[PDB]
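Asks: Take this structure, written in structure tokens, and hold onto it; I'll ask about it next.
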Amino acid sequence: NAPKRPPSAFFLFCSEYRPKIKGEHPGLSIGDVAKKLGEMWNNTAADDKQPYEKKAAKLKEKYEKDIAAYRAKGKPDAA
């Protein structure tokens with residue numbers, strides 16, 4: 001259950017250059033790769049997020065209606 005949470009905007013961009021920050025800094029954890037990006041993302045322009053952002057949203061949105069449905073009786077899954 002739980003459609004889960006798709007990309008957050010920061011997922012698209014993260015992927016794009018994760019093996020690249022990992023290549024320069026093969027000493028990051030899910031707390032450093034996250035902290036680094038948590039910054040980069042925050043400083044990716046903002047007007048560079050928008051493209052990735054709109055998608056992360058599109059998906060989050062899907063979830064939001066599938067979660068709203070799940071927690072609001074989304075168990076008889078169109079049977």
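Ordering of the structure tokens sets the chain letters (A, B, ...); residue numbers start at 1 within each chain; ligands are numbered from 1 in the order shown.
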Could you pull out the helix (DSSP H, G or I) residues of range 39-71 of chain A from DSSP and send them as number ranges by chain?

Replies: A: 39-40, 49-71

Asks: Mind pulling up the distance from CA of residue 55 in chain A to CA of residue 74 in chain A?

Replies: 24.5 Å

Asks: Give me, as a list in words, all polymer residues having an atom no more than 10 Å from range 56-73 of chain A, counting only C-alpha atoms and skipping those fewer than 3 positions away in the same chain.

Replies: residues 1, 2, 3, 4, 5, 6, 7, 8, 9, 10, 11, 12, 49, 50, 51, 52, 53, 76 and 77 of chain A

Asks: What is the CA of residue 20 in chain A-CA of residue 33 in chain A distance in Å, reported with one decimal?

Replies: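 Taking CA of residue 20 in chain A and CA of residue 33 in chain A, their separation equals 10.7 Å.
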
Asks: Find the distance between CA of residue 34 in chain A and CA of residue 18 in chain A and write it in Å to one decimal.

Replies: 9.9 Å
